[PDB]
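Here's the structure, in structure tokens; my notes come after.
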Amino acid sequence: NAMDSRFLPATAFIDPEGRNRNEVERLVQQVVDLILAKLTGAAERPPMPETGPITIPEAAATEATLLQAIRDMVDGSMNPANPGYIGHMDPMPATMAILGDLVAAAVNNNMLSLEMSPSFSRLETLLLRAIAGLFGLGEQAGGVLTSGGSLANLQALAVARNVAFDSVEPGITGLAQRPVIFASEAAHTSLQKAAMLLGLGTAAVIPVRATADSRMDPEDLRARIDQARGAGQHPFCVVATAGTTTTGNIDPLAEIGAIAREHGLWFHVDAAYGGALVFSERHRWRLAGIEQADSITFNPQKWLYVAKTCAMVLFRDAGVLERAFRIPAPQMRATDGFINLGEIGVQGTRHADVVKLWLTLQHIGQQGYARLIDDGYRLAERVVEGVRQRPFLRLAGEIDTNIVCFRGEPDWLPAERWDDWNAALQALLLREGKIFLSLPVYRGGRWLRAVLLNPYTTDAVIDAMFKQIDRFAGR
Amino acid sequence: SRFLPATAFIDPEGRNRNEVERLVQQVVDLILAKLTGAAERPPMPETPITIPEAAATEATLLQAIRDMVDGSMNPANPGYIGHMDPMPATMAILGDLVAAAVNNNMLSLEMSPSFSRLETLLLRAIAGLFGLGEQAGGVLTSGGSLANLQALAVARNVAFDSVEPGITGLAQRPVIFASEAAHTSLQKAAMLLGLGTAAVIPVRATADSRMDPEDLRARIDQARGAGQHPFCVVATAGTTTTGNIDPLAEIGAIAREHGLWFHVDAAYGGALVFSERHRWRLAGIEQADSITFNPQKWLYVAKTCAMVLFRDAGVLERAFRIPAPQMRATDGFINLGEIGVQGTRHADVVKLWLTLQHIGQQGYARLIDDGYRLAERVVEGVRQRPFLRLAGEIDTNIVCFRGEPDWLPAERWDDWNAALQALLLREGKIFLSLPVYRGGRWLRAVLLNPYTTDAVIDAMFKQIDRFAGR
Ligand code: NA
Ligand code: NA
């Protein structure tokens, strides 16, 4: 065959009868040893790297070239494994998440259908049923894994739209009244992208006023709904966010949901980040009201430390996916009751994320996550206290998760020079402190953003951060 | 109190190096054992979930991995010849190990400084291979469904200016055209885009499952007469069931003649660009407005790996990207999340780039040749047996065929072919798929496994001969 020819490297594939096993094992071990050396020594690389030409070669690259490429890829990539990386909802991966993706890629199954993923499709369906149980959604609840929270939000909104307008087969172009959804002004932009994609347009996402603590104002929500109907629009969904992207705040889920139900609006909870609190006895009360959601988005890739991507959309009634999403096609359900997951997802073919998810959940355990979450809050509160002791600094508001947004508002500077002050501080922290904070645009200004995810971030890192902030301000 | 395993994470200062090395090695040795011994497992497997409070033991995790592999489908078996799902290239497996380890995010340049630039440059080069021109480029997507979704979204946005106001105010229903043999992801995309599944108007296909240009013309005029608004034609380069290629040049010319967006779904057949001998089959694709292509299929890249390419990559900024302050880097690159359906995204470019380098264009040309050779062996085997019938001519390494025995009434043909398919798998350890096609059940051979040989094909027909009595 081709694998005996001189046009293929002897290690292009793994011979299923072991004829090239020694050569493969050697190549595999090269990469394993290299990557392990890079990860066990990750602190040697800064949180951010210090800075083609791309041509697809005719002949096979040498193993020396392949390994150099891997080396260059790692060295030029961001390093959230560095204890000083505290700026984004992007964590160092759990060991079993890395190993899970090795397993997933090796067996290379397809979530598209049962016969292409006999074990994984069943594992995923059962696992998400259990997880929906943790959210308190009831016994009809379930969902699918998606390649990212944006897709999860897209699918929920698609179901909300289909349920309200019966649009699976005729579409929505016939409507005289514009469909609109409501969300906090601090909600994620994937909502606007979803609305665009769904044929609603970006402007169909009506922003609801958030408080000083970046939580949705239920009073304004009700006002916006009335105003929308007054404008001849057709509201059909409300989105509450459980852990906003910038400040990590949690909307008042019960109040929002009650308003949604009063007006017959689909209640979607975007808990991409904050959804992890269900593993925390100490903190899951913060999610009170989420158990009544019509749909939930949750991203284990964030606070559950699962290697990207890992996200899901859960429905309180999983059958809604067959009634108001699934395209017309003959039934092909298996004898033990499972359905081809491709039929009820945005994606068709899909990578088996369930492997790394299930393996990581088992390795760490609920108690493990409860501990990690507590440490997150602990570090966040240390940042909060440090800011409060510095009058030239300002919190964005109360915190609800392990995220602290703050900025310098010094009186030796006029307000219009604050963005440059903070941008320079962020640059200084990274360059000389090897500490990475993000600098999002928030409330028309530039704010510093701390996301305390790295389990190897210590009190000393935070202290070092403030120590350098002090010098930049001349204390 | 609550316990974290010493190997839950990898200590960046090496304090748990020895323990994490041992755990990784155990999984590596287990996976390598299963793959180098994959022929020991049949193509398909033979025959409660609670999140634990406490950390699971290493023995438990390894046993779970063992159970997961043994319970999975096995395309690495030489007898797996039924789907567009191949055994992964070695560097694709290793690529995903690398990607998970560094755990970067394709959402923005800041979160994937190397990967974002590598992907953009790689897809420019690939767009060039399709002959799309100097402005061409695109993004990797998690699946060809998303690629088709994004392409059709852009087509819609360009024609109806719908990025901000949407399409609800329209009076004429927007419709697209595709072969009756085209992929169902078009219908799902149409549903998602607010067009509805019925917006995909099926165009008659020939006996060889290729879109008929004249019927395309007829359906378009008909749509306009029925007060509809055509805005896109989708040609398919490698249909899912039979693997046939639409006449891209003729379809594209008709599309451009009617001012319609021309999208080529080359999810499978796109791989032919790496074949000097066979890429002439995609003649006409170079004038497409957009192209879908899935390296996860015929380029052996572990799932997922797919892309959408645009002849003018700039159209993503004018008719897709949502309003936001621009954040362009000084070297010209843009945050990929802004111009994709997905935001956060797994770095598929790692396995794609490593696999492309390892196999090379020569390697893919060789693999593709072998596929055609095996396919032609199946076609010849069918032609020698009057009780079997070909679905039509083949264009790629895919052969769709079925038994139509005269000792059975036509209503029993489905059962005959279903029984044959089950017999082949159980007795011969040979997997063919059995899709619904033209109202019946057809056998489907997809000859992708580099370790599938003539003997496998011979054993298949011998098995077929026994079942038929011959
Ligand atoms: Na709009
Ligand atoms: Na993926």
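So the sequence lines, in the order shown, correspond to chains V and U.
For the first sequence, the working numbering puts the final residue at 475, and the numbers step up evenly by one.
For the second sequence, the working numbering puts the final residue at 1470, and the numbers step up evenly by one.
From the three backbone atoms N, C-alpha and C, an ideal C-beta is built for every residue, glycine too.
| query | result |
| --- | --- |
| Close-in-space but distant-in-sequence residues of the same chain around residue 317(V) (CB under 6 Å, 5 per side omitted) | 140 |
| Span separating the alpha-carbon of residue 439(V) from that of residue 100(V) | 33 Å |
| Proximal residues of chain U, C-beta to C-beta of residue 167(V) below 7 Å | 1194 and 1196 |
| Option nearest residue 197(V) by Cα separation, candidates 118(V), 211(V), 157(V) and 411(V) | 157(V) |
| Residue range of the alpha helix (DSSP H) that includes residue 1094(U) | 1090 to 1102 |
| Closest by C-alpha distance to residue 209(V), when choosing among 241(V), 236(V), 178(V) and 190(V) | 241(V) |
| Contacts that residue 1094(U) makes with chain V (C-beta to C-beta distance below 7 Å) | 28 and 31 |
| Residue nearest to residue 1032(U) in terms of C-alpha spacing, selected from 104(V), 37(V) and 97(V) | 104(V) |
| The segment 76 to 87 of chain V / the segment 335 to 351 of chain V touching (three or more Cβ pairs under 8 Å) | no |
| Boundaries (first-last residue) of the alpha helix (DSSP H) holding residue 165(V) | 149 to 165 |
| Which listed residue (1061(U), 1044(U) and 1155(U)) has its alpha carbon closest to that of residue 107(V) | 1044(U) |
| Boundaries of the beta strand (DSSP E) in which residue 137(V) is found, first to last residue | Where residue 137(V) is concerned, there is no enclosing beta strand (DSSP E), given that its DSSP letter is neither H nor E. |
| The alpha helix (DSSP H) enclosing residue 297(V), as first and last residue numbers | That residue, residue 297(V), is in no alpha helix (DSSP H); its beta strand (DSSP E) goes 295 to 298. |
| CA-to-CA distance, residue 75(V) to residue 319(V), given in whole angstroms | 47 Å |
| Any chain V beta carbon closer than 8 Å to residue 1005(U) | yes |
| DSSP beta-bridge partners of residue 1443(U) | 1401(U) |
| For ligand 2, residues whose Cβ lies under 7 Å from any non-hydrogen atom | 147(V), 309(V), 351(V), 353(V), 1142(U), 1304(U), 1346(U) and 1348(U) |
| DSSP bridge partner residues for residue 1265(U) (one or two, in chain order) | 1236(U) and 1292(U) |
| Close-in-space but distant-in-sequence residues of the same chain around residue 1118(U) (CB under 8 Å, 5 per side omitted) | 1349 and 1353 |
| Straight-line gap, residue 308(V) to residue 148(V) (C-alpha atoms, nearest Å) | 8 Å |
| Interface residues of the segment 1232 to 1243 of chain U facing chain V [CB-CB below 8 Å] | none |
| The segment 50 to 78 of chain V: positions lying closer than 9 Å to chain U by Cβ | 51, 52, 53, 54, 55, 56, 57, 58, 59, 60, 61, 63, 65, 66, 69, 70, 72, 73, 74, 75, 76, 77 and 78 |
| Three-state secondary structure (DSSP) of residue 1087(U) | coil |
| Exposure label - residue 248(V); buried when at least 16 CB within 10 Å | buried |
| Neighbour list for residue 280(V) in chain U, Cβ cutoff strictly below 9 Å | Correct list: empty, because the minimum Cβ distance to chain U is about 11 Å. |
| Three-way DSSP call (helix, strand, coil) for residue 324(V) in this model | coil |
| Against chain V: residues of the segment 1121 to 1148 of chain U by CB proximity under 8 Å | 1121, 1122, 1124, 1125, 1126, 1129, 1142, 1143, 1144, 1145 and 1146 |
| For residue 188(V), the three-state DSSP class (helix, strand or coil) | coil |
| Exposure of residue 22(V), with buried meaning 16 or more beta-carbon neighbours within 10 Å | exposed |
| Cut-off 7 Å between Cβ atoms - residues of its own chain near residue 1249(U), not counting five sequence neighbours on either side | 1283 and 1284 |
| Presumed contact (8 Å Cβ cut-off) between residue 1107(U) and residue 1343(U), rounded CB distance | 5 Å |
| C-beta atoms of residue 1087(U) and residue 1397(U) nearer than 8 Å | no |
| Proximity of residue 1364(U) and residue 1266(U) at Cβ, strictly below 8 Å | no |
| Residues that DSSP places opposite residue 1389(U) in a beta bridge | 1402(U) |
| Completely contained alpha helix (DSSP H) runs for the segment 1424 to 1470 of chain U, where each covers 4 or more residues | 1454 to 1468 |
| CB contact below 8 Å: residue 347(V) versus chain U | yes |
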